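The data below hold one chain only, encoded as structure tokens and taken in the form deposited in one PDB entry.
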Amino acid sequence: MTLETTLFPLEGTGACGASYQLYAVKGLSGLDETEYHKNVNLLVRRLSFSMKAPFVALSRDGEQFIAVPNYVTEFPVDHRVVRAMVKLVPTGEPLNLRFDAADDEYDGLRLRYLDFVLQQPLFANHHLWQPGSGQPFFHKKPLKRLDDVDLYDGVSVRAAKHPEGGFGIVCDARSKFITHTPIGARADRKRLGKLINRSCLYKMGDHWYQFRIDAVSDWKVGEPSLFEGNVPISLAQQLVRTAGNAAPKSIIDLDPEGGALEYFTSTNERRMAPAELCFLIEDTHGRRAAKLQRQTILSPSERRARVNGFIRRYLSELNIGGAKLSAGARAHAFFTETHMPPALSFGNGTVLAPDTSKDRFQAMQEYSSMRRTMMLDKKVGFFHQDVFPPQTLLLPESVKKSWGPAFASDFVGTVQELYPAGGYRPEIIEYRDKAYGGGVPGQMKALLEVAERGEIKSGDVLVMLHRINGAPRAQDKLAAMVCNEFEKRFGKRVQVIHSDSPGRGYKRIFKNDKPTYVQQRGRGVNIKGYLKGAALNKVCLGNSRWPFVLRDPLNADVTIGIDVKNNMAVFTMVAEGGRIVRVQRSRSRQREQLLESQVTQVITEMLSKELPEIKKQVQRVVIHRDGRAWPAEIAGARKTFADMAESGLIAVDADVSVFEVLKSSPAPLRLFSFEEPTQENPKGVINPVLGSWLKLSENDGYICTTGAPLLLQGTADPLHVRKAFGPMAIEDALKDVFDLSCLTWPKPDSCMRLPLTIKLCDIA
């Protein structure tokens, strides 16, 4: 109930002049509404980096109007490229913004200005450094030495609005791994070349920054490579030219036979750095250095200590010209009523409700465990208990010839236990995984030939694939290809498993004078768990047999998720308590955005098939967009439901609200709770509990979809959701984000950060 944030009050915020003067953009009156807004921000970013000033966007009405600080002296006004050139007619009215006012429409300006000028002092700090503009500030001194690699601690800072009036700062702790020794001068041509597109920390004297390597310089540090006016000049000469006063020996005593890396700027120009002063950034998602990565995951006590310490060490005194600023000693804290998890409907009339006569922690633990136990109990079981339509299990021939048959027997028995009503009994069918393949071509030839011969009777296929790309931070092209061609060309609905994971669960043994495959409970996988999980997710959920649903209505009658990534749009729909769930794909022009007409067609077509099944008259609707939302999409959104209300399919006085779910959030905010200080927890800092929530303004809030009882380690990351339109309160919207995230179907006894609505987008 008693909760703290990482949102620190800003003090001394009088006498702060954010001086702009608007301009307007004639451009091309061909408002493509899809190309019209790409070029809006294209030029804003292009001008921000060249002029090195806080250019922002305030798109009103015509959705033009780049805002320019009045203190930039020269200005081109008319700007090139971008197809049809633009003129910048100044709308005049110089704007000298304050920070003591009420909530205004120019605030998206002030925030930008604030952010920009907060990184002037921290830039000057000899003990801190920043990988690049916008990234967090790390100490020059490593937090820890992990052998050949150093762990660096930093803090990220964004400006934000204080819910109790005024302005403040949100910050979070942050980690980074950098190899301890530099690449060095002795590394040869071939070795430097083998490092392209890697990123390194460059210690250019007292100025440290991060850049991505593009090419190996033809020239060495000592050989002339560039020009100081018109004289051939070495990289060593250049670095000596621009060093300050008490320059460190390293920048003025370079080995001249060392090589140089080449990189590009924000301004898109080519520079060199001496490899003798470059330190590779290690990717801990790569190397599966998960023993390294635990070091990156902080206890709440640790996270609060590190953030508060950074605030009191580097943000107490801060001058930007004539202004003098502070940051509150203690962060914004409050009381609140944590949301209780929703009551859930299982099979045979059974309902799960949290115990209000328990402390929230214990009640949540018992509810979450009860989701699994109730699903498994043959006396209550799945909400949706019916037999399965025909099924197919499609295996690599190499698997079918060895350990496949034992895995299949176990998998069928596991499904029949988990989901007794299904009568699971698939046809087992193989493909020639060794005949053409190895990679995606040839695996696909084998899969396609099996499907073409019509061997896959039935429409539901579970297909076992080899893992082509074993490295993490990689996409499964083969699985996507198999889903696309089996949906598109044949009628099929395809779920996927891989062969490495169950393969590690079988070993060959001699029994009864026969070679035989049997389970091994050793190392590589826990096969019983594997079986129950894949049974749940690929066969049960893959056939839309939901294990439980919400008992009570949400604030929305219908709630729709949208995600556009890879030119490949995904709509999802949840209605009734989760008893109605649809997912439809598409393709659109832009790789991360959607056309307006497409939106209004797909949503109408999708919801109309389900309105006969939606018994209660529909009168409030919510859209969850994954990431940034586009107004081209809001237009079609409002249109769809206005039309439907006119028809009468929907309530006449019905409304729509649109909310963005920012899973990686521009302003990262944490929440802490407090327990009695134990010997282990010296300040008694603990995770917030599962329903905790906070709104900042009418447009921004945070729900803990992950939190206290159910988190193994780390400090929970609150989920940011931001209003974009509509009458529904942000509080109501957060509450049914929380309820939708308790539909933890992929793993009943766990917590789950995204609401089911955008989770269904993520899996496709």
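Throughout, rigid core stands for the largest set of C-alpha atoms superposing within 1.5 Å between the two forms. We number the residues from 1 along the sequence you see.
- Of the two segments examined, 314-322 and 196-204, it is 314-322 that shows the higher average Cα temperature factor in the deposited entry.
- Across the two stretches, 185-193 and 93-101, the PDB entry reports the greater mean Cα temperature factor for 93-101.
- Each of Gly714, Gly27, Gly701, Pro718 has a CA temperature factor in the record; the biggest one is found at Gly27.
- The entry assigns its greatest Cα B factor, within the set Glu676, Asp377, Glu257, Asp148, to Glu676.
- Ranked by C-alpha B-factor against the other modelled residues of its chain, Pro232 falls in the highest third.
- Split the chain's modelled residues into thirds by C-alpha temperature factor. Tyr113 is in the highest one.
- Split the chain's modelled residues into thirds by C-alpha temperature factor. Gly404 is in the lowest one.
- The PDB entry assigns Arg670 a C-alpha temperature factor belonging to the middle third of its chain's modelled residues.
- In the deposited entry, the Cα temperature factor of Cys278 sits in the bottom third of values across the chain's modelled residues.
Beyond the structure shown, there is the form deposited in another entry, which is absent from this document and is the topic of what follows.
- Rigid-core fit between the shown form and the other one: of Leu344, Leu235, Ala629, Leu536, the one residue whose Cα shifts 2 angstroms or more is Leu235.
- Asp513 is not among the residues whose C-alpha shifts by 2 Å or more between the shown form and the other one once the rigid core is aligned; its shift stays under 2 Å.
- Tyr71: CA moves 2 Å or more between the shown form and the other one after rigid-core fitting.
- With the core held fixed, the Cα of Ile213 is displaced between the shown form and the other one by 2 Å or more.
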